[PDB]
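All Cβ positions, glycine included, derive from the backbone under ideal geometry; neighbour counts span all protein chains shown. Every number here is computed from the coordinates shown, using simple stated rules; none is lab data.
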C-alpha cells in the first residue's frame, strides 16, 4: 500500500577520480 | 527483521558522504571494480551500494576505521 524500498545509489563522475573528462 | 544489512550500508555511505579525503575515495573505487559489480556510464561512473558483496562492504568498513598498527 505505502511501504518503502528505495535504491541506495552513489554517482561519482570519473572526472573526479580519473580526472580526465574531455581534456582541454 | 532484515533491514539491518541495508541499515549499515546506508549508515556507512552516509558517514563517508561527510569525509573529505579524496585519496581514500580513489581506493574505494578500485574496490568496486574488484567485485566486477557496478555500472559505469560512457560519461559518468555510478554503482549501487545494495549491489556490492559482503567483501566490498567489509573493505569499506575497514577503510573508515583504517585501524591497523597502533
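Please enumerate the residues belonging to the range B:47-66 that are buried (at least 17 other Cβ atoms within 10 Å of the Cβ) and in a strand (DSSP E or B). Outline the logic, then answer.
The initial filter retains those residues of the range B:47-66 that are buried (at least 17 other Cβ atoms within 10 Å of the Cβ), namely B:47, B:49, B:52, B:56-57, B:59-60, B:63.
Of everything in the range B:47-66, just one residue is buried (at least 17 other Cβ atoms within 10 Å of the Cβ) and in a strand (DSSP E or B), namely B:47.
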Original post:
Pick from the range B:13-30 the residues that are in a helix (DSSP H, G or I) and away from every other protein chain (no Cβ under 11 Å): which of them is farthest from residue A:16 (Cα to Cα)?
Top reply: B:15
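Residue by residue, here is whether (1) in contact with a helix residue (DSSP H, G or I) (Cβ under 7 Å, 6 or more places away or on another chain); (2) exposed (fewer than 10 other Cβ atoms within 10 Å of the Cβ); (3) touching a residue at least 24 places away in the same chain (Cβ under 8 Å); (4) within 8 Å of another protein chain (Cβ to nearest Cβ) holds:
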| position | (1), (2), (3), (4) |
| --- | --- |
| B:6 | no, no, yes, yes |
| B:11 | no, no, no, no |
| B:32 | yes, no, yes, no |
| B:45 | yes, no, no, yes |
| B:68 | no, yes, no, no |
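Within the range B:13-25, take every residue that is free of Cβ contacts under 8 Å to residues at least 24 places away in the same chain and within 20 Å of residue A:8 (Cα to Cα) and give me the one that is surrounded by the most Cβ atoms within 10 Å (Cβ to Cβ).
B:25
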**OP:** Filter the range A:10-24 down to the residues that are at the interface with another protein chain (Cβ under 7 Å from one of its Cβ atoms) and not in a strand (DSSP E or B), then identify the one that is farthest from residue B:41 (Cα to Cα).
**Re:** A:17
Subject >> Failed condition for residue B:41, given (1) within 10 Å of the chain's Cα centre (by Cα); (2) surrounded by fewer than 12 Cβ atoms within 10 Å (Cβ to Cβ) >> reply: (1)
